[PDB]
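Taking the form deposited in one PDB entry, here's one chain by itself in C-alpha cells.
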C-alpha cells in the first residue's frame, strides 16, 4: 500500500527460520525481488542478536564472496526482539520497536508465524491487539498443521478468523517440491482449456498421483504423528482434484477461482474405508543405502506404528458434470519414481485412451513465489478457511477410523509401485454407465 514493509518472523530462532525463511528472504532481497524499503524483525524468547542469527543461518545462504555488500545491507535491515508469546509487555516492546523503524508507523506488516500451532492461539491474539498496523495492511502467514481433523482445525481457524479478515490469512504449504506452485498453475490453465471436454460424458476415470522415491530418512518420527493422508492427500492432491473438476471461474480473481474450488469440495461426500488402501514401506533386502532400512527401521518411529506411508483413495464429485466418475488419489513415499501426474481416461468406441498432464520435476521457485504472493496480496495458491473446512470434513471420518481401529497397513517393499491392492481398488471402480 506504500513503499515500506516489515517482515516479522515470529519464532525466528527455530528450524524453519534458520534453514528456510531467512535464506529465501535473503535470496529475494538479493535478486531485487523485495520492496526496496523492507525491514526484517525476528521475534522469539531466546535472547539473541542479529549476529547470532547470522552465525547460525548464513551457512544456508549459499552466499558468494561477490555478494557480501548486498549481504551486509541485508543484515543492516535486520533486527531481533526477545519476548514471550503471551506476555503483554513483550508484544509492547515488539510493536514499539517496529514503530521506531523508518516509516514504521505507516508501514505494511507481514507476520510469519514460524511457530508450532500450539501457540498460535496466543500469538494471533496478542498481534491482533498490540502489533497490527493502523495504516498499512496486516497479513499473517500460518503454517501446517492446520489442525489434524475437522474439530481441531475448526477451533484453530475460528480463532484466527475471528481476529483477521480472510484476505489477511495466508495458509502456506510448501514441503513437497520446488516445482510445487507450477503444478496448480498449469492445472488452472488446463481447466481453462479443456473445460468443454471434461464431462462425465468424455471421461470415465480420473487418477491423480504423487509418488516419491525416497523414504522418511531419519525423520519418520515427525511423519508418524500425521500420516500420508494428512501429509500429501488431504491438502495437495485434493486441491488439484478441485482444479480439475471446477467450473469456469467468474474471473481470474483469487477469490472466484477459490469459490469454484470450494463449490467442488462441497459435493464430495466423506470417504469410507472400503474405498481406501493403506500401505507401509518395508526395507529393501537386495537394495542398498536408505533402501535397506524400512519405515519401522527408522529409529524415530514408535514401535509397531500402523501409520500408512502410502494411500489410495476413491472420491466422487456429485454434480451434473461429474457423477459416478471416480477420482483416484494415489500417493506415497519410497516408491519407484518421483512422479506427479494427472491422468484422465476416456470412453472409447475402438484398447483404451487417456490424456496425461505432468509437471516435469518463472525462475522463482515454489516457496519463493509464495512469499512474493503474500507481498503482492495474491491469495490464489493459499487454501481458504471454507476450503480447509471442507477438506477436513471429507477426510476426518476415515482418519478417525484409522486412529481407532489401528488397521494394519499393507506392507510394500522400498522401491515398489505400492501395494497391488491399490491396483485392485483402481480396477474395481470401472463404473461403466
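By rigid core we mean the largest C-alpha set that fits within 1.5 Å across both forms. Residue numbers count along the first chain shown, from 1.
Below, we refer to the form deposited in another entry, which is not included among the displayed structures.
With the core fitted between this form and the one not shown, just one of 94, 257, 187, 169 shows a Cα displacement of at least 2 Å, namely 187. After superposition on the rigid core, the Cα atom of residue 151 is displaced by less than 2 Å between this form and the one not shown.
The Cα shift for residue 121 between this form and the one not shown, taken after rigid core superposition, is smaller than 2 angstroms.
Superposed on the core, the two forms barely differ at residue 16: its CA moves less than 2 Å between this form and the one not shown.
Note: residue 23-residue 180 Cα separation is 3 Å or more longer in the other entry than here. Relative to this form, the distance between the C-alpha atoms of residue 180 and residue 12 is increased by at least 3 angstroms in the other entry.
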